[PDB]
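Visitor: Have a look at this one.
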Amino acid sequence: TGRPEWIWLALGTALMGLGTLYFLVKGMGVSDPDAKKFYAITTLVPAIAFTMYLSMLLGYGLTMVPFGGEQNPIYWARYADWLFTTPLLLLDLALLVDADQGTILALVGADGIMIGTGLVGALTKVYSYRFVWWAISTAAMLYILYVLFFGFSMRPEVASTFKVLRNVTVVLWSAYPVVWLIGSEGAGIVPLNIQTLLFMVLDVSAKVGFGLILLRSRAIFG
Amino acid sequence: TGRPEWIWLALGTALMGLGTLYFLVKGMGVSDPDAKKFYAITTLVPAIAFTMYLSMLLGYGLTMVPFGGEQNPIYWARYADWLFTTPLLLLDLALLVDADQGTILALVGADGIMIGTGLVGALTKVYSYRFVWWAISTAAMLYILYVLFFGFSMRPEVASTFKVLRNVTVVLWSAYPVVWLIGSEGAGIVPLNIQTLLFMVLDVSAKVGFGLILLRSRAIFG
Amino acid sequence: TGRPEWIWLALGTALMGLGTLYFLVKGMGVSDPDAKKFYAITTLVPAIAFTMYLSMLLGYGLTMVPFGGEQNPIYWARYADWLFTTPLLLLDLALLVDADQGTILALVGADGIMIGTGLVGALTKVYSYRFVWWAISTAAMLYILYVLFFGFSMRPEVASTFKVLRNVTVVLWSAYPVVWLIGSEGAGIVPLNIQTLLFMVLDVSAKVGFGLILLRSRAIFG
Ligand SMILES: CC(C)CCCCCCCCCCCC[C@@H](C)CCCCCCCC(C)C
Ligand SMILES: CC(C)CCCCCCCCCCCC[C@@H](C)CCCCCCCC(C)C
Ligand SMILES: CC(C)CCCCCCCCCCCC[C@@H](C)CCCCCCCC(C)C
Ligand SMILES: *C/C=C(C)/C=C/C=C(C)/C=C/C1=C(C)CCCC1(C)C
Ligand SMILES: *C/C=C(C)/C=C/C=C(C)/C=C/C1=C(C)CCCC1(C)C
Ligand SMILES: *C/C=C(C)/C=C/C=C(C)/C=C/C1=C(C)CCCC1(C)C
């Protein structure tokens, strides 16, 4: 449309759809329950992102938030996406290393707080307070990153793939608060179309690229 | 009230309440954890539907969606219902056959996508796009139906009851996209009061009738 | 601010933050998976409440509901809080006594209905109907309380601590429908600032005081 960010929403929709179908079909012929768990998780993530990208593309997942005086376009739908897909991603990680249930609950819960406070910050109409929600969310994120590094005798195939995904995770997820901060969501240094670009590249890498790495490894098979 | 569909919301409220109390009391005197699981799931479903029917009845779960120019009455509350009650129903099925966790996650996730895209379609103000959400939702549904048929040495009592519920499920759930499509939610061929009627008959059959069948079987006992 | 209830939202924010950090740090040095489960659950609860208190404090989690003619301030954010934190609290209880999965689902589900109907009642614009939602919610509550008392050979350390928390639970949770009923949410007998006070004292006691009791016991260690 007339939304210059449309092309990135379009590309994101397509690439999340294609990764969904790739992983869906790829997961055809899997019988191992454990592999089945990662296929389910890992196919669902871009499946959900596909729907939320499409909802952004079609304009459904977009709202206007008054702040700085202005009517600030906020694609709220990506938080609906992340609300489900980031814990699923963490679940992929958590299951890989067979985390304790307490640790998984800590991660999912901290994740829900990260996304929920990010959404609150995204929709907050007092500009200064946006960054307060950003900060708390970032602290939840740093908590999660902490746990992924200092809280986790697995088979070497698990380890190796975990350590790759874990590095992928930390590098990509850490970029999101920066994009939010510098983008139209936060301080407005970088335009919406570029923030949308950045998040789409991160999301495809964090969802499809992550899943390609994961669904490639024998780590997912018992 | 003046809502001609009220009587069906009224009847649905009553019948979901009565089925809730029937299953609640019926489940009094159950000690087997497994039976306890199906009683919990199966009582919760019409309990939730009771609340959402009442919310529709009282007008709370109703909104107006602009499309075709018009202010289209949309009872959004039934999606809040379904969001919780359809995965629970699938969980009843999944537990019956002791599904793999991956398969359950696939079902619940596909279900959330079915309902969430149905809700997005229901609230979408671009009329043509409504049916795009319908189509994706329908594809999630067909995925679920696929899985219920081609993805599931259980005791013959499990099998038999599973196969009955599974047929009940497929026939009733398949009717909902058709009702949505032809009803005021979709193409508007059939009035809101008749769509509300149709969904109430399906919902009572899919919740109370389903639960009667299930809570009747010894399949639910270990 | 000019919201006389601000001080209580401020105090609640602070005390939930401080309890979050206390339990977070306190939980440093825990390795027992079971203890890890209660630390996770129990730290998350005031962590979530911290965010929702702050959201109330900052004015984000506040809406106006027309009823009696008036624009009635409703802090909806505490229902978002409770939606997650009350099942977690019940989960703390449920895990303590190793409840059956069916019973946990019954509790969480009844809880979701309690909070969801309380939120519906809170946002309902027909004043009389508010108390209908109150009544149903109260019945869900009484169901939960029923289950906590008549539905649960645990080690004596479990029992004892369970029985204390269970009494804490019943006494504190029972006060909330009364506060809602007499407060600005319900019949308006007691002002918003006092209802906010009352709920803050209950919430801190039910979250931090509860968690102090729990995270003090050896009941949480296998
Ligand atoms: C087996 C594979 C590679 C899967 C292909 C199926 C569908 C597409 C997904 C694969 C694409 C990219 C891999 C993930 C990493 C990323 C950095 C993607 C960034 C996307 C940018 C838009 C267009 C660029 C492309 C060259 C993919
Ligand atoms: C043991 C039983 C049958 C349960 C009775 C408790 C409460 C009511 C539920 C039972 C009713 C119906 C069975 C489910 C199937 C359906 C097709 C119901 C359609 C409902 C239509 C409205 C009025 C019709 C009735 C004759 C029930
Ligand atoms: C080890 C302990 C006690 C924890 C301290 C960390 C942070 C604060 C939480 C402890 C405070 C209170 C215990 C819970 C019980 C309550 C009745 C609290 C009611 C709060 C009222 C506001 C100010 C009062 C205080 C004296 C705490
Ligand atoms: C699938 C998409 C992924 C993996 C998205 C990850 C997003 C995050 C790690 C976002 C974190 C944010 C913060 C730490 C603070 C500001 C708000 C967020 C939500 C952008
Ligand atoms: C308890 C009620 C039940 C079992 C409801 C089931 C509803 C569905 C199977 C609905 C499916 C739909 C589609 C496939 C597309 C259009 C939207 C829906 C949500 C009506
Ligand atoms: C953390 C906060 C806690 C433990 C809150 C508990 C709240 C309840 C037990 C609330 C119950 C209510 C009813 C029974 C009816 C009216 C509405 C509620 C939600 C206040």
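Counting neighbours? That spans all protein chains shown, and the Cβs are built from the backbone with ideal geometry, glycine included. Derivation of every value follows stated rules applied to the coordinates shown; laboratory data play no part.
Let's see how each residue does on (1) away from ligand 2 (no atom under 16 Å from the Cβ); (2) part of a helix (DSSP H, G or I); (3) surrounded by 22 or more Cβ atoms within 10 Å (Cβ to Cβ):
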| residue | (1), (2), (3) |
| --- | --- |
| A:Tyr129 | yes, yes, no |
| A:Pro177 | yes, yes, no |
| A:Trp180 | yes, yes, yes |
| A:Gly186 | yes, no, no |
| A:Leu197 | yes, yes, no |
| A:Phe210 | yes, yes, yes |
| A:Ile213 | yes, yes, no |
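Visitor: A follow-up question, please. Would you check which residues across the range A:129-138 are under 11 Å from A:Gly118 (Cα atoms) and within 10 Å of another protein chain (Cβ to nearest Cβ) and list them?
Guide: If the condition is that a residue be under 11 Å from A:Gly118 (Cα atoms) and within 10 Å of another protein chain (Cβ to nearest Cβ), then A:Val132, A:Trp133, A:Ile136, A:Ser137 are the ones that fit.
Visitor: Hey, can you tell me all the residues within the range B:1-13 that are small (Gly, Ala, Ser), more than 17 Å from the chain's Cα centre (by Cα) and not in a loop (DSSP other than H, G, I, E, B)?
Guide: Matches in the range B:1-13: B:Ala10 only.
Visitor: Let me ask another. Among the residues of the range B:29-61, write down those that are within 8 Å of chain C (Cβ to nearest Cβ), of a type in the set (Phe, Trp, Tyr) and either closer than 23 Å to B:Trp6 by Cα or in contact with a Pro (Cβ under 7 Å, 6 or more places away or on another chain) (or both).
Guide: B:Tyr60
Visitor: While we're here: Report yes if A:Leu202 is more than 14 Å from chain C (Cβ to nearest Cβ), of a type outside the set (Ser, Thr, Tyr), part of a helix (DSSP H, G or I) and away from ligand 3 (no atom under 16 Å from the Cβ), otherwise no.
Guide: Taking the combined requirement at face value, the residue satisfies it.
Visitor: So, one more: Looking at the range A:98-109, can you tell me whether even one residue there is under 14 Å from the mean Cα position of the chain (by Cα) and within 14 Å of another protein chain (Cβ to nearest Cβ)?
Guide: Among the residues of the range A:98-109, at least one is under 14 Å from the mean Cα position of the chain (by Cα) and within 14 Å of another protein chain (Cβ to nearest Cβ), which makes the answer yes.
Visitor: Follow-up question, since we're still on this one. With respect to A:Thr117, determine if the residue is more than 11 Å from chain C (Cβ to nearest Cβ) and within 16 Å of the chain's Cα centre (by Cα).
Guide: So A:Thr117 fails the test.
Visitor: For the range C:71-85, does any single residue satisfy the condition of being more than 16 Å from ligand 4 (Cβ to nearest atom), in contact with a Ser or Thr (Cβ under 8 Å, 6 or more places away or on another chain) and aromatic (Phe, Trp, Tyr)?
Guide: yes
One line per residue, one yes/no per condition, for (1) in contact with a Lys or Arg (Cβ under 8 Å, 6 or more places away or on another chain); (2) hydrophobic (A, V, I, L, M, F, W, C); (3) within 16 Å of ligand 2 (Cβ to nearest atom):
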position: B:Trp8; (1), (2), (3): no, yes, yes
position: B:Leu18; (1), (2), (3): no, yes, yes
position: B:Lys36; (1), (2), (3): no, no, no
position: B:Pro46; (1), (2), (3): yes, no, yes
position: B:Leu57; (1), (2), (3): no, yes, yes
position: B:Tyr75; (1), (2), (3): no, no, no
position: B:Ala80; (1), (2), (3): no, yes, no
position: B:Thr86; (1), (2), (3): no, no, no
position: B:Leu96; (1), (2), (3): no, yes, no
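Visitor: All but one of (1) touching a helix residue (DSSP H, G or I) at 6+ places or on another chain (Cβ under 7 Å); (2) within 30 Å of B:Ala47 (Cα to Cα); (3) surrounded by fewer than 24 Cβ atoms within 10 Å (Cβ to Cβ) hold for C:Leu24; state the number of the condition that does not hold.
Guide: Here C:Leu24 clears every test but (2).
Visitor: Show the residue pairs meeting these rules: Cβ distance below 6 Å; 6+ apart or different chains; first residue within the range A:79-90 and closer than 12 Å to A:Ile113 by Cα and within 14 Å of chain B (Cβ to nearest Cβ); second residue of a type in the set (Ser, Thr, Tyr) and within 7 Å of ligand 4 (Cβ to nearest atom).
Guide: none
Visitor: Kindly indicate which of A:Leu90, A:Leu83, A:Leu95 is surrounded by 21 or more Cβ atoms within 10 Å (Cβ to Cβ), away from ligand 6 (no atom under 16 Å from the Cβ) and under 17 Å from A:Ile144 (Cβ atoms).
Guide: Answer to the selection: A:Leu90.
Visitor: Of all residues being among the small types (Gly, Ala, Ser) and in a helix (DSSP H, G or I) in the range B:70-114, which is farthest from B:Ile220 (Cα to Cα)? Just the residue, please.
Guide: The residue in question is B:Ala77.
Visitor: Considering (1) surrounded by 19 or more Cβ atoms within 10 Å (Cβ to Cβ); (2) within 29 Å of B:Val65 (Cα to Cα), say which one B:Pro191 fails and leave the rest.
Guide: All conditions pass for B:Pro191, except number (1).
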